[PDB]
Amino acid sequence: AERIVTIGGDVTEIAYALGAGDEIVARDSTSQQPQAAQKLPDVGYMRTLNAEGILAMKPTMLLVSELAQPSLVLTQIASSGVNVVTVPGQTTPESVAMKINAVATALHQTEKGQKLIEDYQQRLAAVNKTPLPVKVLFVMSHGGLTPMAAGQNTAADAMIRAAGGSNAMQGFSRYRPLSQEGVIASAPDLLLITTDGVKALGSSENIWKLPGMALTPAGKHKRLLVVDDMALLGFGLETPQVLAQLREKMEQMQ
């Protein structure tokens, strides 16, 4: 009966995992998992939504990450009479259990969610969270934009800290353009980048041509880790696995 639009790759992946695949009629740009979701219509990007694109799908329920903007579009969609359910957007490993809970409560699959939660906690718990003296620089590369580093108050910065590592970039929030001096002062031991960032750059050649990268301990030892964009930053079900790659790569640097 329900025509569900899910917004937020984390939300979508959880809805699908709670067995609602059949009822989801559309989703946002950040939602690309599972692949089944890639075949659904794209209503736009979570951070720049427009009401018309969502309402054209005639949803009965909108499951939306709190990270969604502009907020008044949700108000507007709710006034039109669709059930708008908000999902917590904290970039924290403990936050995922909260996300699963809100989604399940909304789908009336409380028990299914409870099960999914235990599996996530069981997978998360297996990861060594002991702090390690390794500094990490996360870089986001587009095709047509200057490369950018993550400060604090980012998912990337939370991910790094949760793996037991340290954010090489300090003293600022969100993202900033790379500069040779900035990067070099950062002195990362490990360069963290996304799968798409790699494609945007070309080859490993261009990777170490990033401003100042070669003049860092990371660039000297070619210490690199490439992870799926949303797996790394989405704080959904794949969080434990990504923390594992990151932890392993750090431990292996002793």
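The first residue of the shown sequence is 1; numbering continues from there.
Stretches 152-160 and 139-147 differ in mean CA B factor, with 139-147 having the higher one. Per-stretch averaging of Cα B factors for 109-117 and 177-185 places 109-117 on top.
For the set 27, 58, 47, 220, the PDB entry puts the maximum C-alpha B factor at 220.
If you compare the C-alpha temperature factors of 86, 92, 122, 75 in the entry, 122 comes out highest. Sort the chain's modelled residues by C-alpha temperature factor and residue 82 lands in the lowest third, per the entry. In this PDB entry, the Cα temperature factor of residue 10 sits in the bottom third of its chain's modelled residues, the lowest group. Residue 128 sits in the highest third of its chain by CA B factor, as recorded in the PDB entry. In this PDB entry, the Cα temperature factor of residue 195 sits in the middle third of its chain's modelled residues. The deposited CA B-factor of residue 230 belongs to the lowest third of values across its chain.
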